[PDB]
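Let's start with one chain on its own, the form deposited in one PDB entry, as structure tokens.
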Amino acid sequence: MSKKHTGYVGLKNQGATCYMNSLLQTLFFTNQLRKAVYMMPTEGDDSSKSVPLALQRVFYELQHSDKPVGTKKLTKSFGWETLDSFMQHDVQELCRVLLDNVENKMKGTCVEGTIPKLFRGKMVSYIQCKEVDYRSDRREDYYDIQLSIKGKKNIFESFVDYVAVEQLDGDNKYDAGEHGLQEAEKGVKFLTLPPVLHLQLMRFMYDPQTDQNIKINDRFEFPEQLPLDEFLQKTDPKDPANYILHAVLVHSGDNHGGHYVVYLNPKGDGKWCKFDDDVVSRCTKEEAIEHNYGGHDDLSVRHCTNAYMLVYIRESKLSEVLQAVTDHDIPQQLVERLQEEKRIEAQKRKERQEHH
């Protein structure tokens, strides 16, 4: 079926997990992550409690299964077992849960630090007083960036807006402590950009006049090749911040009952597939990229299919982030534990039908 068409298998549609399946594929094809994950020492773990073991299972099955892969034990493991869990959280929050879990499980192993190595960048947020000599600098790690979309035509304009200087004057002067209220400038600077760049687009904005979040379907364009050197405080001549589009997570509709899919070119070679739960299919570059720009603001239709998250990988890191994964990257002990796991579930299904 879809494994035979594309080389890639899908994930089952099992309840309403919204953006989850999209995110799981995204992470699975972050090959360096997937390798580290197989290396976690989950020997002792409980399969319905351990996010690390449950993820190993999902990735292993994605790598070896010919049929669509289930996620029930994974959702049970991090406790998001209803629509409501998914409705209470942004996509990046789920991603943070998965990454934190596996990062913690890599402590004291041969693969410790993989998660910050791949996903962590450095920024500094500042408030500079204009008339007095005072500055507050807050250095922060980030694993993702939330880009403003409203009134922005493209990623370049969002980044421009992201690093824009805000004037704190008049009615909103800065409380400068013992200097009293002071005229000031506020901004954020990027010190580094991580090898794997996760960008969420801010389409689900609070609306005062309906007192709810509403999805903004406006046009927002993102390129295949993304140069970010100009947003770095200090550029690097031997490692320019040139990024290549890896994944486009897409939503259709106006609510969490809409359709979620993800487009990926897993090898970073511009050859794209559409991942729609159990159906993986080849698609054009144009289907993956421009057709998810949205807008088209055309009267007969409501056009509400568009990108909400993008994954870019730094050109200089691409061959290493998307380093290939072979049978040798899956420890035998893990393979045995996962077969043991498939047998125990094959027995729980037989015991469940007998009682009914």
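Residue indices: 1-based, along the sequence shown. Each form is matched to the other, and the largest set of C-alpha atoms that superpose within 1.5 Å is called the rigid core.
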Other entries modelling both neighbours but not residue 208, at least a third: yes
Missing coords for residue 39 in a third or more of other PDB entries: no
Chain break class for residue 297 to residue 298, judged by how many deposited residues have no coordinates: 1 to 3
Of 212-220 and 235-243, the stretch whose C-alpha atoms average the higher B-factor in the entry: 235-243
Stretch with the higher entry mean CA B-factor, where the candidates are 113-121 and 178-186: 178-186
Criterion, highest CA B-factor; candidates, 90, 278, 230, 141: 230
Of the residues 314, 34, 303, 291, the one carrying the largest Cα B-factor as recorded: 303
Among modelled residues of the same chain, the CA temperature factor third for residue 282: middle
CA B-factor ranking of residue 194, expressed as a third of its chain: middle
CA B-factor placement of residue 254, once the chain's modelled residues are sorted into thirds: lowest
Position of residue 77 among the chain's modelled residues by C-alpha B-factor, lowest, middle or highest third: middle
Chain third (lowest, middle, highest) by recorded CA B-factor, residue given as residue 63: lowest
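In what follows, reference is made to the form deposited in another entry, a form of this protein that is not presented.
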Core-superposed comparison between the shown form and the other one - Cα displaced by 2 angstroms or more, from 261, 176, 118, 163: 176
Core-aligned C-alpha movement of residue 135 between the shown form and the other one, 2 Å or more: yes
